[PDB]
Amino acid sequence: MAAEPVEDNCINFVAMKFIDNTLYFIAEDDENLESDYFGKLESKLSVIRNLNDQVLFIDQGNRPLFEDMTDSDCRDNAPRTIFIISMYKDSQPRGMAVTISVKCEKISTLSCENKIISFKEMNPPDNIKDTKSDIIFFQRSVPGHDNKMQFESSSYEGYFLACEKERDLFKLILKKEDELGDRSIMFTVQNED
Numbered sequence: 001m002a003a004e005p006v007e008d009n010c011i012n013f014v015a016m017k018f019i020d021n022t023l024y025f026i027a028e029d030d031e032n033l034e035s036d037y038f039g040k041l042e043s044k045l046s047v048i049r050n051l052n053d054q055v056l057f058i059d060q061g062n063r064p065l066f067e068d069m070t071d072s073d074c075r076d077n078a079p080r081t082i083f084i085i086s087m088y089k090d091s092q093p094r095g096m097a098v099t100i101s102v103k104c105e106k107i108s109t110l111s112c113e114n115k116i117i118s119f120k121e122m123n124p125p126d127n128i129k130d131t132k133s134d135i136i137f138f139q140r141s142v143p144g145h146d147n148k149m150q151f152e153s154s155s156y157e158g159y160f161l162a163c164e165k166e167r168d169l170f171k172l173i174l175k176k177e178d179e180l181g182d183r184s185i186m187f188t189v190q191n192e193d
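Take 1 as the starting number for the sequence shown in the entry's author numbering and just add one per residue.
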């Protein structure tokens, strides 16, 4: 809740919101840090934790089953927001290609079309070969952190997912690796073993 006056240069997310097809993040200690951490934006990190079952990882063959991962009850409220990381086995024979999606009332897929972060009511592609790169991501590590994971668009190499603070919530934006820090912080995800 309360935040410490430290230069750990990392914000932790513990909750999310999906509003008008826009993805928001809630910090663990979003009472103090909002006006403390952001005096010296030296390309600082943020990471989301799966401590509330809010991050979903796909191994392979569950990728196309997103439709069946939704709820049918409490339709007036819809299910909580879950952030999805997909993986391919066929794409990137010498790496790892991914797509980013969110689960809610519907299944939403993240696009970086025109370097703009937007969500579309569509299922994820089967591969990166016959698919528009605008909706394809590549999986990268963070240079200095193992647990932290970051994503960049296929269309625009060097452009990574980032978070931006509007008033209290954080929203998902696209920023160049060199741009990160210009009123922005890096969005990362905590992996699992």
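Beta carbons: idealized from backbone N, C-alpha and C, even for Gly.
List the residues that DSSP assigns as beta-bridge partners of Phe187.
Taking the first residue of the sequence shown as 1, we reach residue 187 at position 187. Partner(s): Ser46.
Report the option in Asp36, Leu180, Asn62, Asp8 whose CA atom is closest to the CA atom of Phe160.
Locating residue 160 in the sequence shown gives position 160, where the first residue counts as 1. Of the candidates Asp36, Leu180, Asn62, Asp8, the one whose C-alpha sits nearest the C-alpha of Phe160 is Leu180.
Applying the 10 Å Cβ sphere with the 16-neighbour rule, what's the burial state of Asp30?
One-based indexing of the sequence shown puts residue 30 at position 30. Under this definition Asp30 is a buried residue.
Span of the beta strand (DSSP E) holding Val14?
Against the sequence shown, residue 14 aligns to sequence position 14. 10-19 is the extent of the beta strand (DSSP E) around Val14.
Please work out which residues of its chain come closer than 7 Å, Cβ to Cβ, to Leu33, disregarding the five sequence neighbours upstream and downstream, and give them in chain order.
Counted from its first residue, the sequence shown places residue 33 at position 33. The answer, listed in chain order, is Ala3, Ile11, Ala27.
Measuring only the C-alpha atoms, how far is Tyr24 from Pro93?
Within the sequence shown, the letter at position 24 stands for residue 24. Within the sequence shown, the letter at position 93 stands for residue 93. The alpha-carbon atoms of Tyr24 and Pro93 are separated by roughly 33 Å.
Relative to the C-alpha of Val102, which candidate in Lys44, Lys120, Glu192 has its C-alpha closest?
Counted from its first residue, the sequence shown places residue 102 at position 102. The shortest C-alpha separation from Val102 is found at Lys120.
By alpha-carbon positions, which one of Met16, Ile100, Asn147, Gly61 ends up nearest to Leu169?
On the sequence shown, residue 169 is found 169 positions in, with the first residue counted as 1. The residue with the shortest Cα to Cα distance from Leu169 is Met16.
Excluding the 5 residues preceding and the 5 following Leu51 in the sequence, name in chain order all residues of the same chain whose CB lies nearer than 8 Å to its CB.
Stepping through the sequence shown from its first residue, residue 51 is reached at position 51. Within the same chain, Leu51 has close Cβ partners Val14.
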